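Structure record follows, encoded as structure tokens.
Protein chains in written order, with the authors' numbering: chain B, 1 to 278; chain A, 1 to 276.
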């Protein structure tokens, strides 16, 4: 299997390195990602200018950095490869990507969306963390995150995407302990309240902070499972935005079997983690 | 009715001025848009920095320019208004916005999308054009476009957004003549082929042009209606990306009535234009 590993926080992100390491057990892995953080490159297909691709050494392994957006990645990657990848894994985004409001403006999900539109299986991974050090220093947390990525990705590499699902988005909670389990859950519509904070800069010119307030999460939504339950949220997304198509079909049981496969791997792991640190 | 008019080509875009003019007959209009084009203003909620808003004299009318992305627009505009708008019209975008591939990367649609998540009726308008000159000097084409914007927006203002639809995206074909009509049609998946063109710059370093080749479209898709049929495509979009939800209610008769209304208006207009 040929696997594309990418992200939107920059080719130098520690989260991208982790994803690469987790994917090594699945097949031949290539890393291609934008050179800068999405706060520098916008979102969406680049039509106005050409792109550049270049090798970077993430010390221990090589990757290709691009001058494009995360949406451009799959196209550049496919071209670089000479053919389409068997699966695209996007992430280990620094920060959660819960709710449709965020999903729709996320470069992490943007890269998986274009891959999915090209008919390629796609998964996105995000972690509810403010920085990487906490995670990096927690061997166990890293192994659990790895078990989740490996099982979701291999389940898809083996069975294909569940019917009616284009992208599966995985969000990890702030604390990854041995009892953490995954749950199939839909995305909330909104994450951030509309409250705007108005201020005045040193020179008296007004400025505004948007999205400073979180809405209270509702049960059975990705936001709630991650923030309040501290569970791993697994969210199946469809890119069929056509309203005409109202009676759709999703293989719900295949989704449930994938989650059960994830939780079995987590149990097997927590079993081992004890007999060892016995 | 409080109408918000916006776009993603920049506050100085002639397309934004047309949309404002088309909207004046519907109610009280505010124009709020990013100062520069989406090919400079990213896409997506701005969290890393604060935003600015200031009055701009476009001559003939004023607007508020922002330093944000088209996605931040509705948030800023609503905060300024002090309450929600009754409808958001995005566009007279230069270039068509057909296919999911483009719809998901479009600032014109992004602005409408954020309005929809807030529960506000939203429409996006895009024109398959290279530049504004042709259009602006063709009075009849301008009247046809305005009749379509005007009929779609008042239909929604009067009847409400059809149940199950979050955004109605309208794409105008290259030629707008008296026989052009609208068709309710879904979005194709892709607009551009995956093909990448490789070149070498004068210093010997490779560079790459993406999306240089158009995919030939299938019938019954927005791309086909616009590029091949020369028709006006009307595409109802839902933002419910949740795959879980499979049986979703859509007021299809209302969408049909809306398209019929656009076509009845276009027929009356063609008759009038013949000095009737």
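Note that beta-carbon positions come from the ideal geometry of N, C-alpha and C, so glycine has one too.
Between A:239, A:209, A:61, which has its C-alpha nearest residue 109 (chain A)'s C-alpha?
Along the second chain, read from residue 1 onward, the residue named residue 109 (chain A) stands at position 109. Of the candidates A:239, A:209, A:61, the one whose C-alpha sits nearest the C-alpha of residue 109 (chain A) is A:239.
In chain B, which residues lie with their C-beta within 8 angstroms of the C-beta of residue 106 (chain A)?
In the second chain, residue 106 (chain A) corresponds to position 106, counting from 1. The contacting residues are 44.
Leaving aside the five residues before and after residue 183 (chain B) along the sequence, list all residues of the same chain whose C-beta is less than 8 angstroms from its C-beta, in chain order.
In the first chain, counting from the first residue as 1, residue 183 (chain B) sits at position 183. Once the five neighbours on either side are set aside, the close Cβ partners of residue 183 (chain B) are 225, 229, 231, 232, 233, 234, 259.
Quick one: is residue 198 (chain B) buried, meaning 16 or more other Cβ sit within 10 Å of its Cβ, or exposed?
As a first step, residue 198 (chain B) must be located in the first chain, where it is residue number 198. Result: exposed.
With DSSP run on the structure shown, which of helix, strand or coil describes residue 55 (chain A)?
On the second chain, residue 55 (chain A) is found 55 positions in, with the first residue counted as 1. DSSP places residue 55 (chain A) in strand when its eight states are reduced to three.
Using a beta-carbon distance below 7 angstroms, is residue 85 (chain B) in contact with chain A?
Residue numbering aside, residue 85 (chain B) sits at position 85 when the first chain is read from its first letter. Chain A, which has no Cβ nearer than 7 angstroms to the Cβ of residue 85 (chain B), makes this no.
DSSP puts residue 209 (chain B) in a beta bridge; with which residues?
For this step, residue 209 (chain B) is matched to residue 209 along the first chain. Residue 209 (chain B) pairs with B:197.
Alpha carbon of residue 85 (chain B) to alpha carbon of residue 177 (chain B), nearest angstrom:
By 1-based counting over the first chain, the position of residue 85 (chain B) is 85. By 1-based counting over the first chain, the position of residue 177 (chain B) is 177. Roughly 33 angstroms between the two C-alpha positions.
Three-pair Cβ contact test at 8 angstroms for the stretch 116-129 of chain A versus the stretch 166-181 of chain A
Three or more beta-carbon pairs drawn from the stretch 116-129 of chain A and the stretch 166-181 of chain A are found closer than 8 angstroms, and the two stretches are therefore classed as touching.
Taking Cβ-Cβ distances shorter than 9 angstroms, what residues in chain B pair up with residue 39 (chain A)?
The residue given as residue 39 (chain A) occupies position 39 in the second chain. Per Cβ cutoff of 9 angstroms: 42, 46, 47, 48, 49.
Please confirm whether residue 132 (chain B) has its beta-carbon closer than 7 angstroms to some beta-carbon of chain A.
Taking the first residue of the first chain as position 1, residue 132 (chain B) is located at position 132. False, the Cβ-Cβ gap to chain A never drops below 7 angstroms.
Name, going along the chain, the residues of the stretch 164-191 of chain A whose beta-carbon falls closer than 7 angstroms to a beta-carbon of chain B.
Cβ proximity to chain B below 7 angstroms picks out 164, 165, 186, 187, 189, 190 from the stretch 164-191 of chain A.
With distance defined between alpha-carbon atoms, name the residue in B:135, B:201, B:101, B:77 nearest to residue 118 (chain B).
Numbered from 1 along the first chain, position 118 holds the residue referred to as residue 118 (chain B). Of B:135, B:201, B:101, B:77, the residue nearest in Cα terms is B:77.
Would you say residue 190 (chain A) and residue 99 (chain A) are within 7 angstroms of each other, going by their C-beta atoms?
Indexing the second chain from 1 puts residue 190 (chain A) at position 190. Indexing the second chain from 1 puts residue 99 (chain A) at position 99. In this structure, residue 99 (chain A) lies closer than 7 angstroms to residue 190 (chain A) by Cβ.
Do you know offhand how far residue 14 (chain A)'s Cα is from residue 64 (chain A)'s?
Position 14 of the second chain, counted from the first residue, corresponds to residue 14 (chain A). Position 64 of the second chain, counted from the first residue, corresponds to residue 64 (chain A). Between the alpha carbons of residue 14 (chain A) and residue 64 (chain A) lies a gap of roughly 15 angstroms.
If the criterion is Cβ atoms closer than 7 angstroms, does the pair residue 236 (chain B) and residue 227 (chain B) meet it?
Looking up residue 236 (chain B) in the first chain gives position 236. Looking up residue 227 (chain B) in the first chain gives position 227. No, they are not a contact pair.
Looking at the structure shown, is residue 109 (chain A) part of a helix, part of a strand, or coil, going by DSSP?
What you label residue 109 (chain A) is simply residue 109 of the second chain in a count that begins at 1. Correct three-state label for residue 109 (chain A): helix.
Under 9 angstroms Cβ-Cβ, which residues of chain A neighbour residue 159 (chain B)?
Working through the first chain from its first residue, we reach residue 159 (chain B) at position 159. The contacting residues do not exist; residue 159 (chain B) stays about 16 angstroms from chain A at best.
Is the stretch 5-21 of chain B in contact with the stretch 51-64 of chain B, if contact means three or more CB pairs nearer than 8 angstroms?
Enough Cβ pairs lie closer than 8 angstroms, so yes.
I'd like to know if residue 75 (chain A) contacts chain B, where contact means its C-beta is closer than 7 angstroms to some C-beta of that chain.
Counting from one through the second chain, the residue named residue 75 (chain A) turns up at place 75. At least one CB of chain B lies nearer than 7 angstroms to the CB of residue 75 (chain A).
Starting from the C-beta of residue 213 (chain B), find all residues in its chain whose C-beta is less than 6 angstroms away, skip the five residues before and the five after it, and write them out in chain order.
One-based indexing of the first chain puts residue 213 (chain B) at position 213. The residues are 193, 195.
Distance between residue 73 (chain B) and residue 33 (chain B) (C-alpha atoms, nearest Å):
By 1-based counting over the first chain, the position of residue 33 (chain B) is 33. By 1-based counting over the first chain, the position of residue 73 (chain B) is 73. So the alpha carbons of these two residues sit roughly 6 angstroms apart.
Report the partner residues of residue 87 (chain A) according to the DSSP bridge assignment.
As a working mapping, residue 87 (chain A) is identified with position 87 in the second chain. Beta-bridge pairing links residue 87 (chain A) to A:3.
Span of the alpha helix (DSSP H) holding residue 224 (chain A)?
Here residue 224 (chain A) is taken as the residue at index 224 of the second chain, counted from 1. Judged by DSSP secondary structure, residue 224 (chain A) falls within the alpha helix (DSSP H) whose first and last residues are 222-227.
Kindly give me the distance between the Cβ atoms of residue 50 (chain B) and residue 209 (chain A), rounded to whole angstroms, as I take these residues to be in contact under 8 angstroms.
As a first step, residue 50 (chain B) must be located in the first chain, where it is residue number 50. As a first step, residue 209 (chain A) must be located in the second chain, where it is residue number 209. That pair is a contact at about 5 angstroms.
Give me the chain A residues within the contact set of residue 243 (chain B), using Cβ-Cβ distance strictly less than 7 angstroms, ordered along the chain.
What you label residue 243 (chain B) is simply residue 243 of the first chain in a count that begins at 1. What residue 243 (chain B) touches in chain A: 164, 165, 236, 237, 238, 250.
Go ahead and label residue 267 (chain A) buried or exposed: buried means 16 or more other beta carbons lie within 10 angstroms of its beta carbon, across all protein chains shown.
Within the second chain, residue 267 (chain A) is the residue found at index 267, counting from 1. Counting Cβ neighbours within 10 Å, residue 267 (chain A) comes out exposed, since fewer than 16 surround it.
Mind checking residue 136 (chain B): buried by the 16 CB within 10 Å criterion, or exposed?
Counting from 1 along the first chain, the entry for residue 136 (chain B) is found at position 136. Burial state of residue 136 (chain B) is exposed, judged by a 10 Å Cβ sphere holding fewer than 16 other Cβ atoms.
Assuming residue 107 (chain B) and residue 222 (chain B) are in contact, meaning their beta carbons sit under 8 angstroms apart, how far apart are those beta carbons, in whole angstroms?
The residue labelled residue 107 (chain B) in the question sits at position 107 within the first chain. The residue labelled residue 222 (chain B) in the question sits at position 222 within the first chain. In fact, because the Cβ distance is near 18 angstroms, the residues do not count as touching under 8 angstroms.
Under 7 angstroms between C-beta atoms of residue 168 (chain A) and residue 105 (chain B)
By 1-based counting over the second chain, the position of residue 168 (chain A) is 168. By 1-based counting over the first chain, the position of residue 105 (chain B) is 105. No.
How would you call residue 211 (chain A), buried or exposed, if buried means at least 16 neighbouring beta carbons within 10 angstroms?
Here the question's residue 211 (chain A) lines up with position 211 in the second chain. Flag for residue 211 (chain A) reads buried.
Pull out every residue of the stretch 201-216 of chain B whose Cβ sits closer than 8 angstroms to any Cβ of chain E, in chain order.
Note that chain E does not occur in the displayed structure, where the protein chains are B and A.
Alpha-carbon spacing of residue 201 (chain B) relative to residue 247 (chain B), whole angstroms
Counted from its first residue, the first chain places residue 201 (chain B) at position 201. Counted from its first residue, the first chain places residue 247 (chain B) at position 247. Counting only the Cα atoms, residue 247 (chain B) lies some 52 angstroms from residue 201 (chain B).
Could you please give me the residues that DSSP links to residue 95 (chain A) through a beta bridge?
Counted from its first residue, the second chain places residue 95 (chain A) at position 95. By DSSP's assignment, residue 95 (chain A) forms a beta bridge with A:127.
Since residue 103 (chain B) contacts residue 241 (chain A) with CB under 8 angstroms, what's their CB separation in whole angstroms?
Locating residue 103 (chain B) in the first chain gives position 103, where the first residue counts as 1. Locating residue 241 (chain A) in the second chain gives position 241, where the first residue counts as 1. Confirmed, Cβ separation roughly 6 angstroms.
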